[PDB]
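Subsequent text provides structure tokens for two forms of one protein chain, presented individually as structure 1 and structure 2.
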Structure 1
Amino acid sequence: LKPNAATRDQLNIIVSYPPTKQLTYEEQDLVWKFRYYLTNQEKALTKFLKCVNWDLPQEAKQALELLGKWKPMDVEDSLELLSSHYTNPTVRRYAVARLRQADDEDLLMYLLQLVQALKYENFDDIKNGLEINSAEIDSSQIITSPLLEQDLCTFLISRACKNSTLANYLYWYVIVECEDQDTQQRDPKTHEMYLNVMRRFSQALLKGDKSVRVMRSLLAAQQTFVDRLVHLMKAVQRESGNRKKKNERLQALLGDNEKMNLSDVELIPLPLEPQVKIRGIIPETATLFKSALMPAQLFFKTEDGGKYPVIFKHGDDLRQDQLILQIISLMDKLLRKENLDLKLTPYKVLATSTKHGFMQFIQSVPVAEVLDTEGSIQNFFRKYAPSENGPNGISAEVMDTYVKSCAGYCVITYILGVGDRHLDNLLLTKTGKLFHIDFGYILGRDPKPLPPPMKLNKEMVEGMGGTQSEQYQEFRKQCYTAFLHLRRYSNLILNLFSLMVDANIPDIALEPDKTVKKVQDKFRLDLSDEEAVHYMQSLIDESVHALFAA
């Protein structure tokens, strides 16, 4: 029952293994022998369930007995049991039981991955939860046409019926999976499941009280607003002529409220940010971007009489950008939790389908435009935010914001392996905030062969006041600090990426088995905290030396 000091130390090495590290048959036989001892440690549960052969009924039964007696696992470890690796229904009920203890704030951060976990859930239990050919059921028409106890589908709907923000995101995350043409063709049973999830969610909203019934009518109003906006986008993209002829069509159709109903609507929540209620799109200030993809810049009239600028794209998959931005939002929240605000810009991204979606426009000037107009980053900051007492004639608040945003994004783009990095993707604000846009290349993927691991640039270093400035010393300091805090939440970041292997993300579908390993290698879990600091310092030293030696 109780192992000796040598075996106790040997079991600790097995528990300390990174998520990718697979246990050998003799290694998992040792874990199985002392399964009753390991119940006192919550971190051992992940390693014990790796030993079990789920095709063997008694081995699965014995694991379930130990599962109930084991120390209550963390929310980050519960996400691993909802992945492709664990298809046993009882295991998934215990994973759902731990999410029930977690707050709605935490549940929102993993919601995109929780919708993806439905793929591994029991499809019959989902269908038999309702009180024809799958093509006959249009997902967009479900909400607009009204007539260890809980599983993942029952839990997500139950929590959504209580929280309006959670209901908003759960709706649009399921709608995208329904509209997924790849899932519709390669596995119709998965497509049918997502339709039943939507049909069950619509049914539970109608069954609910006055405030619950109001939620589905607002969701129907959001879908109708989106469907009309898509029809507007199609007509503008199909319009023969230049950008000016297309802009005139966009402004005229938006203004015609009797035909399109987009300029004047009742106070409805914005699908991108449900906390922000909208009056409609301003027709006179809506124009298309210079891009061939034809994205539209739309200004939304808020409840408070403000302006919410958005980038509504049509004919492009926002799914890859949606994941990266939700990970940046998680990483920012994790860094803020450890009392380190690196002034990051995790702009809201919401796909309304696999073909169309919204993007939160942040008032910023790209570094390419900054160089073409002002010459350098420092000249731009000295023009819009000057101070004589501050460093290099630039405001102390703005410079501090710049150093933190440069250090913050340097670590994040390194871990996420963000490729195709040029001055048009690097965006700068008048407040100091530096951020990355257009995440078309991630997890080592890059159009150029042999890309650098750290995406540092000569202009970023020049903006800090050189390599000898006290701002660059702060950059190095905030770089290893950000790396140390993110390494502490490595299990959380990797388990969410593990739940995204079957998601139709172009850069994940390329190498699904290697996805988790790609992120894990960047964290350098083989090295200690003190070693990780010097490795981060070595990455900066190498990148800086390679940059000037162009």
Structure 2
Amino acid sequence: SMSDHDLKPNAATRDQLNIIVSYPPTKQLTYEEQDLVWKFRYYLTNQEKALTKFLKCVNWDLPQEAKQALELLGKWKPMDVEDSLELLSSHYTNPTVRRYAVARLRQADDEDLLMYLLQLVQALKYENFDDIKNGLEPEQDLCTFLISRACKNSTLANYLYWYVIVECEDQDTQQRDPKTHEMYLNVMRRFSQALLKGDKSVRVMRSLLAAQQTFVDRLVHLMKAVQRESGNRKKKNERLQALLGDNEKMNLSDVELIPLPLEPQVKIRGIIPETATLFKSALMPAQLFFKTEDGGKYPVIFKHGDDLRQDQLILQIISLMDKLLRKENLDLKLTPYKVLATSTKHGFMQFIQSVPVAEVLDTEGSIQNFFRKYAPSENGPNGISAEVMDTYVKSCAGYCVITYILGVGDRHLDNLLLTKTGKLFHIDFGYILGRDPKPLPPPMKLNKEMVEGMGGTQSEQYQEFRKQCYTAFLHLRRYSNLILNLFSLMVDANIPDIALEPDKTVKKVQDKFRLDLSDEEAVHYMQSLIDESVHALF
């Protein structure tokens, strides 16, 4: 009767709690709201979604409140994976809470865990550094949990190795935050130590990590020699090919099967010497074809003297977004090509056969001419195969929405690529979150050429495009908590456009969701965006 156990909100209080619980994870609760959540804490234990709000209400400095908070945490209806990500941010230091996050995160399968791993490696920054160190030879934390899943899953192990090694080689971290640099060095050692206690298969997996590392080391050596060559591009290409061709010297053309770092499920036995060339751009990245196990080939870009990490983040988010859309039965024919940094200054990208829209205009005059040339169909829309046009409309819609949310700038027509199957996709994420090389970038990154490709503002393709934009936008809004919680874990990352304003990064994504609007209003807003953009184009 003086107890809180049985307090029961009326209809009006329930409606106010439902508002508070439905807030996005970034919304700061007022003192009034905090008091209200606390008051009906026992009532809220039936709501998994109320737990993150509850934990934001605890005065941790009051021993009384802290103990009861942890009692309730144990009794709460269990938190979902997407929400556990919030507990791994810099806001939470409480050991029990952080371990609870891991306990709930463990419920994810390996497929989902891989979609979040990049962020989870950043989140080690917010863990107990002493505990990580003390686990070295003289209820899991995050470090123990990741290593434990990696020991049992060679894909996870592969990405854990590379994500952590890049952190280990970050000279910015080393100079600016030596304790954090030291922590990542300890994670690597903890991972090695764990692998060495494993069975024979795990010890072999470990040795194949090492074999990848030395393969990349040798590729770095090769690129230094090529980039230092005095002569023209043809001479550099000859030197690139000769060095690749000399397996005795460089051990790059024929090696024992190792996982491709970029895609570890694909095993490779070296690089084809004679088809390796440099791109005609200032930093001289190479196009390399890998020899795959089944006798096939896998083209990549290997960049040296260039930081891929912003592109790595964005392609990892695009991958996530595509997966979420597919989860809701929407396949918009996207191209989330792989990107993996092997250091702060080099890395791999998956090369997709394609043509820049600039070159399409130059060689064929328009996107539609391109399609009519390569996919003619007498009775298809504007003489184009229906499947191809369908793929074009879908992929256009998908990228329209995704680049809008991510604030992707520098959208010149060499950064929009097209395939002959009709896929359009974006590359080159050097400007994100509203940045652009020229002033006043538009909210939506649509161009005349793209609209004309689908037959103009008077076609049914155009209507299908707008519809697909609406649908994609509503689906991605439904995953706003997940997406925002993932960006929250990136705030301290050495990624240029985040590091400009760490504290405003998440807001810049969140605003694009227009969470303040209902689904009906959201559709209207998106319609209005597309109309305004396209109107301004003509």
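Under this definition, the rigid core comprises the largest set of C-alpha atoms superposing within 1.5 Å between the forms. All residue numbers here follow the sequence of structure 1, with the first residue given the number 1.
Core-superposed comparison between structures 1 and 2: the Cα of residue 59 travels 2 Å or more. Once both forms are fitted on their core, the CA shift for residue 537 between structures 1 and 2 remains under 2 Å.
Relative displacement of the residue 43 Cα between structures 1 and 2 on rigid core alignment is 1.4 Å.
Structural comparison between structures 1 and 2 after rigid-core fitting shows the C-alpha of residue 27 displaced 2.1 Å.
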